[PDB]
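Structure file model.txt (compact mmCIF, C-alpha atoms) follows.
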```txt
# COMPACT_ATOMS: atom_id res chain seq x y z
CA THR F 2 6.15 -20.54 -8.10
CA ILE F 3 4.35 -19.09 -5.06
CA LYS F 4 0.59 -19.77 -5.29
CA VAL F 5 -1.44 -16.88 -3.90
CA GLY F 6 -5.09 -16.61 -2.90
CA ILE F 7 -6.72 -13.18 -2.66
CA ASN F 8 -9.38 -12.59 0.00
CA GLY F 9 -11.28 -9.46 -1.01
CA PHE F 10 -11.51 -8.02 -4.54
CA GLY F 11 -11.63 -4.31 -3.66
CA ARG F 12 -9.17 -1.75 -4.98
CA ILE F 13 -6.09 -3.35 -3.41
CA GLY F 14 -7.14 -6.91 -4.27
CA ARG F 15 -7.72 -6.03 -7.93
CA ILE F 16 -4.51 -4.01 -8.33
CA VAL F 17 -2.49 -6.76 -6.59
CA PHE F 18 -3.99 -9.18 -9.12
CA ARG F 19 -3.04 -6.95 -12.07
CA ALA F 20 0.50 -6.37 -10.79
CA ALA F 21 0.93 -10.11 -10.18
CA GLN F 22 0.44 -10.90 -13.90
CA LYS F 23 3.83 -9.44 -14.86
CA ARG F 24 5.62 -11.45 -12.13
CA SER F 25 7.18 -14.87 -12.67
CA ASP F 26 7.72 -15.90 -9.03
CA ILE F 27 4.04 -15.54 -8.08
CA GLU F 28 0.79 -16.60 -9.67
CA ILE F 29 -2.72 -15.92 -8.38
CA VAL F 30 -4.77 -19.11 -8.27
CA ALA F 31 -7.91 -18.14 -6.33
CA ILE F 32 -10.08 -15.16 -5.37
CA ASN F 33 -12.74 -14.98 -2.66
CA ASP F 34 -15.40 -12.25 -2.36
CA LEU F 35 -19.18 -11.83 -2.55
CA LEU F 36 -19.04 -11.34 -6.31
CA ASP F 37 -19.98 -13.64 -9.16
CA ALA F 38 -17.16 -14.69 -11.48
CA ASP F 39 -18.64 -12.62 -14.31
CA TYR F 40 -18.75 -9.51 -12.09
CA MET F 41 -15.18 -10.27 -10.99
CA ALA F 42 -14.22 -10.44 -14.68
CA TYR F 43 -15.93 -7.12 -15.41
CA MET F 44 -14.15 -5.38 -12.52
CA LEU F 45 -10.80 -6.78 -13.67
CA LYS F 46 -11.20 -5.87 -17.32
CA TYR F 47 -12.39 -2.26 -16.91
CA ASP F 48 -10.79 0.19 -14.49
CA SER F 49 -11.60 3.90 -14.36
CA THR F 50 -8.19 4.80 -12.94
CA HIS F 51 -5.81 2.29 -14.53
CA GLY F 52 -7.46 1.56 -17.91
CA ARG F 53 -8.17 -1.79 -19.57
CA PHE F 54 -6.60 -4.99 -18.25
CA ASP F 55 -3.57 -5.85 -20.39
CA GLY F 56 -4.47 -9.45 -21.07
CA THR F 57 -7.39 -11.77 -21.64
CA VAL F 58 -10.30 -12.40 -19.28
CA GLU F 59 -13.16 -14.82 -19.77
CA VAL F 60 -15.59 -16.83 -17.67
CA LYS F 61 -16.41 -20.54 -18.03
CA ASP F 62 -18.07 -22.80 -15.36
CA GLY F 63 -17.97 -20.22 -12.50
CA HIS F 64 -14.23 -19.79 -12.68
CA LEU F 65 -12.17 -17.10 -14.34
CA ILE F 66 -9.73 -17.83 -17.12
CA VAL F 67 -7.19 -14.99 -17.00
CA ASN F 68 -4.33 -15.05 -19.51
CA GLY F 69 -5.21 -18.70 -20.10
CA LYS F 70 -4.81 -19.76 -16.47
CA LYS F 71 -7.75 -21.00 -14.39
CA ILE F 72 -8.70 -19.09 -11.23
CA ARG F 73 -11.04 -20.45 -8.55
CA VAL F 74 -13.82 -18.05 -7.50
CA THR F 75 -15.56 -18.57 -4.15
CA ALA F 76 -17.93 -16.56 -1.97
CA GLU F 77 -17.31 -17.69 1.62
CA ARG F 78 -18.06 -15.28 4.45
CA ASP F 79 -16.15 -17.45 6.95
CA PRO F 80 -12.42 -17.55 6.11
CA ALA F 81 -12.13 -20.94 7.85
CA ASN F 82 -14.18 -22.64 5.10
CA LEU F 83 -12.01 -21.42 2.23
CA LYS F 84 -10.17 -24.71 1.52
CA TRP F 85 -7.03 -22.96 0.31
CA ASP F 86 -5.21 -26.32 0.23
CA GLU F 87 -7.58 -27.58 -2.49
CA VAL F 88 -5.96 -25.10 -4.91
CA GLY F 89 -2.50 -25.37 -3.33
CA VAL F 90 -2.33 -21.83 -1.93
CA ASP F 91 0.93 -20.91 -0.18
CA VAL F 92 0.18 -17.29 0.84
CA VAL F 93 -3.14 -15.48 1.25
CA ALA F 94 -3.28 -11.76 0.49
CA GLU F 95 -5.87 -10.76 3.09
CA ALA F 96 -7.41 -7.68 1.47
CA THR F 97 -10.89 -7.34 3.00
CA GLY F 98 -9.87 -5.04 5.85
CA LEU F 99 -11.84 -7.21 8.33
CA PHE F 100 -9.20 -9.75 9.44
CA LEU F 101 -6.42 -7.52 10.79
CA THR F 102 -5.69 -9.52 13.97
CA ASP F 103 -3.84 -12.78 14.48
CA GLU F 104 -7.04 -14.54 15.56
CA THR F 105 -9.13 -13.50 12.55
CA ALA F 106 -6.35 -13.85 9.96
CA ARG F 107 -5.26 -17.27 11.24
CA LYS F 108 -8.40 -18.99 9.93
CA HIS F 109 -6.68 -18.78 6.54
CA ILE F 110 -4.01 -21.07 8.02
CA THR F 111 -6.76 -23.31 9.41
CA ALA F 112 -8.18 -23.38 5.87
CA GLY F 113 -4.95 -24.77 4.39
CA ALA F 114 -2.81 -21.70 3.68
CA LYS F 115 0.78 -21.56 4.93
CA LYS F 116 1.19 -17.78 5.43
CA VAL F 117 -0.94 -14.62 5.36
CA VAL F 118 -0.10 -11.03 4.37
CA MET F 119 -2.57 -8.42 5.53
CA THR F 120 -2.86 -5.58 3.00
CA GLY F 121 -3.37 -3.06 5.80
CA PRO F 122 -1.92 -2.17 9.20
CA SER F 123 -2.49 -4.83 11.82
CA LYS F 124 -4.85 -4.01 14.67
CA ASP F 125 -2.93 -6.16 17.20
CA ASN F 126 0.79 -6.92 17.58
CA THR F 127 1.04 -8.81 14.26
CA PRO F 128 4.38 -7.54 12.90
CA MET F 129 4.42 -4.94 10.16
CA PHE F 130 6.97 -4.76 7.33
CA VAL F 131 7.81 -2.03 4.80
CA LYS F 132 10.19 -2.54 1.89
CA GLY F 133 13.26 -0.35 2.24
CA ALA F 134 12.70 -0.06 6.01
CA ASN F 135 12.71 -3.52 7.59
CA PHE F 136 12.06 -6.45 5.22
CA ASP F 137 15.39 -7.80 6.52
CA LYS F 138 13.91 -8.05 10.05
CA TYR F 139 11.41 -10.72 8.95
CA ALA F 140 11.90 -13.78 11.19
CA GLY F 141 9.77 -16.55 9.65
CA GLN F 142 6.41 -15.42 11.07
CA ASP F 143 3.40 -17.02 9.40
CA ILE F 144 1.18 -13.89 9.58
CA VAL F 145 2.51 -10.42 8.63
CA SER F 146 1.22 -7.00 7.57
CA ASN F 147 2.52 -4.68 4.83
CA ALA F 148 1.49 -1.60 6.88
CA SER F 149 -0.44 1.12 4.97
CA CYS F 150 0.19 2.95 1.69
CA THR F 151 1.11 6.15 3.55
CA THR F 152 3.62 4.37 5.81
CA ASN F 153 5.18 2.80 2.70
CA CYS F 154 5.71 6.32 1.35
CA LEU F 155 6.93 7.95 4.57
CA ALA F 156 9.18 5.21 6.00
CA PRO F 157 11.77 4.90 3.18
CA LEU F 158 12.14 8.68 2.94
CA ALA F 159 12.34 9.06 6.73
CA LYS F 160 15.03 6.36 6.90
CA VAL F 161 17.26 8.09 4.33
CA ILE F 162 16.85 11.45 6.07
CA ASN F 163 17.38 10.04 9.57
CA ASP F 164 20.35 7.87 8.56
CA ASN F 165 22.14 10.82 6.95
CA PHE F 166 21.14 13.80 9.08
CA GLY F 167 19.26 12.62 12.20
CA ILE F 168 15.57 13.43 12.56
CA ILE F 169 15.00 15.10 15.93
CA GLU F 170 11.26 15.46 15.35
CA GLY F 171 8.92 15.54 12.37
CA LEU F 172 5.31 16.25 11.48
CA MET F 173 3.68 14.89 8.31
CA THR F 174 0.67 15.89 6.25
CA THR F 175 -0.58 13.60 3.51
CA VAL F 176 -2.71 15.20 0.81
CA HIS F 177 -4.59 12.06 -0.07
CA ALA F 178 -6.73 10.95 -3.00
CA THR F 179 -10.36 10.04 -2.34
CA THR F 180 -10.92 6.38 -1.39
CA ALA F 181 -13.74 3.84 -1.28
CA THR F 182 -14.64 4.62 2.36
CA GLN F 183 -15.78 8.13 1.34
CA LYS F 184 -19.19 9.29 0.07
CA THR F 185 -20.26 10.84 -3.25
CA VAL F 186 -22.61 13.30 -1.51
CA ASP F 187 -23.01 14.18 2.18
CA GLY F 188 -24.03 10.91 3.83
CA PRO F 189 -23.82 8.83 7.03
CA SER F 190 -20.38 8.04 8.43
CA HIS F 191 -20.54 7.52 12.16
CA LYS F 192 -17.08 7.11 13.72
CA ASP F 193 -15.86 9.69 11.17
CA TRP F 194 -18.28 12.56 10.59
CA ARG F 195 -15.99 14.57 8.29
CA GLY F 196 -15.41 11.48 6.13
CA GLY F 197 -19.10 11.31 5.33
CA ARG F 198 -19.10 14.69 3.61
CA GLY F 199 -19.26 14.74 -0.20
CA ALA F 200 -15.83 13.76 -1.46
CA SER F 201 -15.83 15.64 -4.77
CA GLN F 202 -16.83 18.95 -3.12
CA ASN F 203 -14.45 19.08 -0.18
CA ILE F 204 -11.02 19.19 1.31
CA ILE F 205 -11.58 16.84 4.26
CA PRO F 206 -9.27 16.65 7.32
CA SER F 207 -8.72 13.11 8.45
CA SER F 208 -6.72 11.27 11.11
CA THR F 209 -3.90 8.89 10.21
CA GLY F 210 -1.65 6.59 12.23
CA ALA F 211 0.89 6.23 9.43
CA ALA F 212 3.56 8.50 10.86
CA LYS F 213 3.34 6.88 14.29
CA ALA F 214 3.49 3.46 12.60
CA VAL F 215 6.87 4.40 11.06
CA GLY F 216 8.14 3.87 14.61
CA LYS F 217 7.11 0.23 14.35
CA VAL F 218 9.19 -0.57 11.25
CA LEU F 219 12.00 1.89 12.19
CA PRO F 220 12.22 1.72 16.00
CA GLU F 221 14.88 4.45 16.06
CA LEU F 222 12.08 6.88 15.04
CA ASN F 223 9.53 5.54 17.56
CA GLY F 224 8.32 8.68 19.25
CA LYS F 225 9.65 11.23 16.77
CA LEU F 226 6.94 11.52 14.08
CA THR F 227 3.21 12.04 13.87
CA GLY F 228 0.87 13.46 11.29
CA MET F 229 -2.54 14.12 9.77
CA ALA F 230 -4.23 13.93 6.37
CA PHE F 231 -6.43 15.94 4.00
CA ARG F 232 -8.60 13.97 1.56
CA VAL F 233 -9.06 15.84 -1.73
CA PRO F 234 -11.18 15.23 -4.89
CA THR F 235 -8.73 13.24 -6.96
CA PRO F 236 -9.32 9.53 -7.71
CA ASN F 237 -5.77 8.24 -7.09
CA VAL F 238 -2.20 9.31 -6.17
CA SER F 239 -1.34 11.00 -2.89
CA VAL F 240 1.54 13.10 -1.60
CA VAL F 241 3.44 13.23 1.70
CA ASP F 242 4.55 16.60 3.04
CA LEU F 243 7.15 15.93 5.79
CA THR F 244 8.43 18.76 8.01
CA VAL F 245 11.54 17.69 9.96
CA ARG F 246 14.11 19.22 12.27
CA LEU F 247 17.57 17.77 11.69
CA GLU F 248 20.46 17.05 14.03
CA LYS F 249 23.17 17.58 11.40
CA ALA F 250 23.03 20.77 9.35
CA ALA F 251 22.16 19.90 5.74
CA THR F 252 21.66 22.22 2.80
CA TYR F 253 18.78 21.42 0.49
CA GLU F 254 21.33 20.28 -2.11
CA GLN F 255 22.81 17.84 0.43
CA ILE F 256 19.33 16.50 1.14
CA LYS F 257 18.52 16.06 -2.56
CA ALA F 258 21.84 14.30 -3.17
CA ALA F 259 21.27 11.88 -0.28
CA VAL F 260 17.80 10.92 -1.52
CA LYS F 261 19.00 10.55 -5.10
CA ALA F 262 21.83 8.28 -3.94
CA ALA F 263 19.39 6.01 -2.09
CA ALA F 264 16.97 5.98 -5.04
CA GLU F 265 19.77 4.73 -7.28
CA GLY F 266 21.33 2.48 -4.62
CA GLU F 267 20.08 0.60 -1.57
CA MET F 268 16.46 1.73 -2.14
CA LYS F 269 16.23 1.36 -5.93
CA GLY F 270 12.68 0.44 -6.97
CA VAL F 271 11.27 1.50 -3.57
CA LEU F 272 12.33 5.15 -3.43
CA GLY F 273 12.29 7.26 -6.59
CA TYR F 274 13.71 10.71 -7.25
CA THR F 275 12.73 13.41 -9.70
CA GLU F 276 13.66 16.99 -10.47
CA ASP F 277 10.94 17.40 -13.15
CA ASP F 278 7.85 19.65 -12.97
CA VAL F 279 5.57 16.78 -11.97
CA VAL F 280 1.94 16.72 -10.85
CA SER F 281 -0.07 13.92 -9.27
CA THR F 282 -1.25 12.22 -12.47
CA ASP F 283 2.39 11.76 -13.48
CA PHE F 284 2.53 8.98 -10.86
CA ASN F 285 -0.65 7.12 -11.82
CA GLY F 286 0.69 3.57 -12.08
CA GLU F 287 3.94 4.33 -10.23
CA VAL F 288 5.60 1.21 -8.80
CA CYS F 289 7.96 3.01 -6.38
CA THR F 290 6.23 3.50 -3.03
CA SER F 291 7.88 6.92 -2.48
CA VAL F 292 8.99 9.38 -5.22
CA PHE F 293 10.90 12.37 -3.86
CA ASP F 294 9.96 15.65 -5.59
CA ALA F 295 13.16 17.68 -5.34
CA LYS F 296 11.84 20.98 -6.68
CA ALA F 297 8.64 20.98 -4.62
CA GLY F 298 10.33 20.87 -1.20
CA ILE F 299 11.62 23.91 0.67
CA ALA F 300 14.10 24.56 3.50
CA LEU F 301 13.76 27.35 6.02
CA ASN F 302 17.36 26.75 7.17
CA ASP F 303 19.94 23.96 7.34
CA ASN F 304 18.10 22.23 10.22
CA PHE F 305 14.40 22.74 9.34
CA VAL F 306 13.01 21.55 6.02
CA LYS F 307 9.80 20.45 4.29
CA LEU F 308 10.14 17.40 1.99
CA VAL F 309 7.66 16.21 -0.63
CA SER F 310 7.18 12.63 -1.84
CA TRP F 311 4.53 11.17 -4.18
CA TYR F 312 2.87 7.77 -4.08
CA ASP F 313 0.25 5.94 -6.09
CA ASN F 314 -1.73 4.77 -3.09
CA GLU F 315 -3.08 1.81 -5.10
CA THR F 316 -0.20 0.67 -7.34
CA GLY F 317 2.93 1.13 -5.23
CA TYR F 318 1.44 -0.51 -2.14
CA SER F 319 0.03 -3.41 -4.21
CA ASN F 320 3.42 -4.09 -5.80
CA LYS F 321 5.05 -4.15 -2.37
CA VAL F 322 2.36 -6.52 -1.08
CA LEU F 323 3.66 -8.91 -3.76
CA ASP F 324 7.25 -8.14 -2.74
CA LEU F 325 6.47 -9.11 0.86
CA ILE F 326 4.81 -12.33 -0.32
CA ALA F 327 7.95 -13.22 -2.27
CA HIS F 328 10.14 -12.21 0.68
CA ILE F 329 8.42 -14.36 3.31
CA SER F 330 8.52 -17.26 0.82
CA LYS F 331 12.32 -17.15 0.33
```
Is it possible to express this structure as structure tokens?
Amino acid sequence: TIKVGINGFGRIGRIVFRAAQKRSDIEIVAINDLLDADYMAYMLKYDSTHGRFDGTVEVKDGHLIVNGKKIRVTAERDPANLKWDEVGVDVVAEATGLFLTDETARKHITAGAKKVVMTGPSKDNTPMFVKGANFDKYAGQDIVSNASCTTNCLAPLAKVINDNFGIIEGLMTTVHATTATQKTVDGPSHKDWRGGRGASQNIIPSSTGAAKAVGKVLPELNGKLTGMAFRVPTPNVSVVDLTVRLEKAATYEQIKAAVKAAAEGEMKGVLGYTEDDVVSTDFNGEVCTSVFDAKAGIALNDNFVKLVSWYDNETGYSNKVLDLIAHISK
């Protein structure tokens, strides 16, 4: 099995760990963060958004015992001192948000790991991969990125639409759940003044590179999409609102049928499809990274349409982090 070390036990690190427990090809063997093992155990067992851990957690001798398996807990600030080889780690899920370049992330390789997956968009030219878009373009690189949660929602939908009808141009809005970078009441946030405003009180405009980054994993869309975000007072689950102009005339029923076909075919398990009267909490825990909402979208005409797709910005992305780990280990 693929032995994985997690650097950073924030939201993504903890949900990757949970999702990994149901897998048989991967097992987590080590976690690194500035948290005691008993605090680590507490954060794993109790989750406001996703409920109790489905399994056993206990602490003995500074290491976790999760579902009977021993997990090494360290608190190194310098990734180079992590000694991943001592626990036999093949791939590091780099989930701190601080090591998003080749130089910073490589110290995991120096520390004994064989490959690294960043759980966020790279800040340099480290290649980015999105399941359903370009996992098949992986070419043995030892450091990769799984892009962002929003790109994992937008890219599979954009590919289906572009492949079938040709996207001339598109603009995206994501209505996005509150995240850990936000503030409970108005507080300091230099570099992003709006993002410091009280999260529970406000709709907050925010920048996002996700739509531009679709052009990295689908080069045929390179300069054809951009977008923005609004952060809203929900704790999890976000929604993409994609307005596109199409080359080939397509009725809304043709669009729905094309997405449904992909959701049951080449993109099964990545792209979902529903015609039900869903709301955001209906996707809490969703494993698909993009669930097309057929009744919510609307067409002005056969070449100009607004498409709606849901994503659990914690769970879907975390499951595809694990999918990328398994893919680069094949």
Shell of 12 Å around region 261-276 of chain F, all atoms listed in the file, local chain residues under 4 positions omitted, as a ChimeraX atom specification: /F:131-136,153-162,164-165,254-257,280,283-284,287-298,308-312,317-318,320-321,324
Pairwise distance for CA of residue 193 (chain F) and CA of residue 209 (chain F), rounded to one decimal in Å: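 About the pair CA of residue 193 (chain F) and CA of residue 209 (chain F): they are 12.0 Å apart.
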Using only C-alpha atoms, tabulate the residues of region 108-152 of chain F lying at most 10 Å from any atom of region 77-92 of chain F, each with its closest atom pair and that distance in Å to one decimal, by chain and increasing residue number, as a tab-separated table.
```
residue	atom	partner	partner_atom	distance
F:108	CA	F:81	CA	4.7
F:109	CA	F:80	CA	5.9
F:110	CA	F:81	CA	8.1
F:111	CA	F:81	CA	6.1
F:112	CA	F:84	CA	5.0
F:113	CA	F:86	CA	4.4
F:114	CA	F:91	CA	5.4
F:115	CA	F:91	CA	5.2
F:116	CA	F:92	CA	4.7
F:117	CA	F:92	CA	5.4
F:118	CA	F:92	CA	7.2
F:143	CA	F:92	CA	9.1
F:144	CA	F:92	CA	9.4
```
Contacts of region 198-208 of chain F within 8 Å, all atoms listed in the file, excl. fewer than 5 positions in-chain, as a count of residues only: 15
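The smallest atom-to-atom distance between residue 42 (chain F) and any of F:67, F:240, F:325, F:251, using all atoms listed in the file, is found for F:67.
Going from CA of residue 126 (chain F) to CA of residue 220 (chain F) covers 14.4 Å.
Between CA of residue 146 (chain F) and CA of residue 64 (chain F) there is a distance of 28.5 Å.
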Take the point (-16.6, -16.6, -9.5) in the file's coordinates, draw a sphere of radius 12 Å around it, and report as a ChimeraX atom specification every protein, DNA or RNA residue with an atom inside or on it, counting only C-alpha atoms. /F:10,31-44,59-66,71-77
I need the residue nearest residue 2 (chain F) from this list: F:191, F:54, F:24, F:285. Use only C-alpha atoms for the distance.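 Looking only at the distances to residue 2 (chain F), the closest residue turns out to be F:24.
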How big is the axis-aligned box around all listed atoms of region 266-271 of chain F once 4 Å goes on each side, and where's its centre, in Å to one decimal, as AutoDock Vina command-line options?
```
--center_x 16.3 --center_y 1.5 --center_z -4.3 --size_x 18.1 --size_y 10.0 --size_z 13.4
```
Please work out which residues fall within 6 Å of (8.6, 12.2, 10.1), coordinates as given in the file, with all atoms listed in the file counting, and return them as a list in words. residues 159, 171, 172, 173, 226 and 243 of chain F
Output C-alpha atoms of each residue in that selection to a file, as a PDB file, in the coordinates of the input.
```pdb
ATOM      1  CA  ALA F 159      12.340   9.060   6.730  1.00  0.00           C
ATOM      2  CA  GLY F 171       8.920  15.540  12.370  1.00  0.00           C
ATOM      3  CA  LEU F 172       5.310  16.250  11.480  1.00  0.00           C
ATOM      4  CA  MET F 173       3.680  14.890   8.310  1.00  0.00           C
ATOM      5  CA  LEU F 226       6.940  11.520  14.080  1.00  0.00           C
ATOM      6  CA  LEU F 243       7.150  15.930   5.790  1.00  0.00           C
TER       7      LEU F 243
END
```
